[PDB]
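What follows is a single chain, given as structure tokens, in the form solved without the DNA.
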């Protein structure tokens, strides 16, 4: 309750967060993945989505769970910057566009939406949206 830490780590999204409206862990087909940025080539299109869960008081027994959301982060950036791409961790998924490099995207950076509006999560055609997840 004293000296609160609003930012747990490098929490800065380039894109919007994708909410979960279904019982899916969020997955993307091979060749598809991280949202495309026309200011970036597919080479740098490699990243991961991190599940965010919040709990708030509502129930009179347990503190009701708040609707979760998933944030996308580029490899080498984000709160899990030191987390390897081929790292097995629950709550994280791996996505990559063909031609992706298993290298960090320090060049892209970890821009924060506070400075400017985040990129509307746009995905290329041929992508499969998991039930409960919609790209918008």
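Numbering follows the first chain given and starts at 1.
The form solved in complex with the DNA exists for this protein as well; it is not shown, and the discussion that follows is about that form.
By the criterion of a heavy atom within 4.5 Å, residue 12 is counted among the residues contacting the DNA in the deposited bound form.
Proximity of residue 58 to the DNA in the deposited bound form falls within the 4.5 Å heavy atom cutoff. Contact check for residue 107: every heavy atom lies farther than 4.5 Å from the DNA in the deposited bound form. Contact annotation: residue 94 falls outside 4.5 Å of the DNA in the deposited bound form, judged by heavy atom distances.
Contacts with the DNA in the deposited bound form, taken as any heavy atom within 4.5 Å, map within 63-88 to 66, 69, 71, 73.
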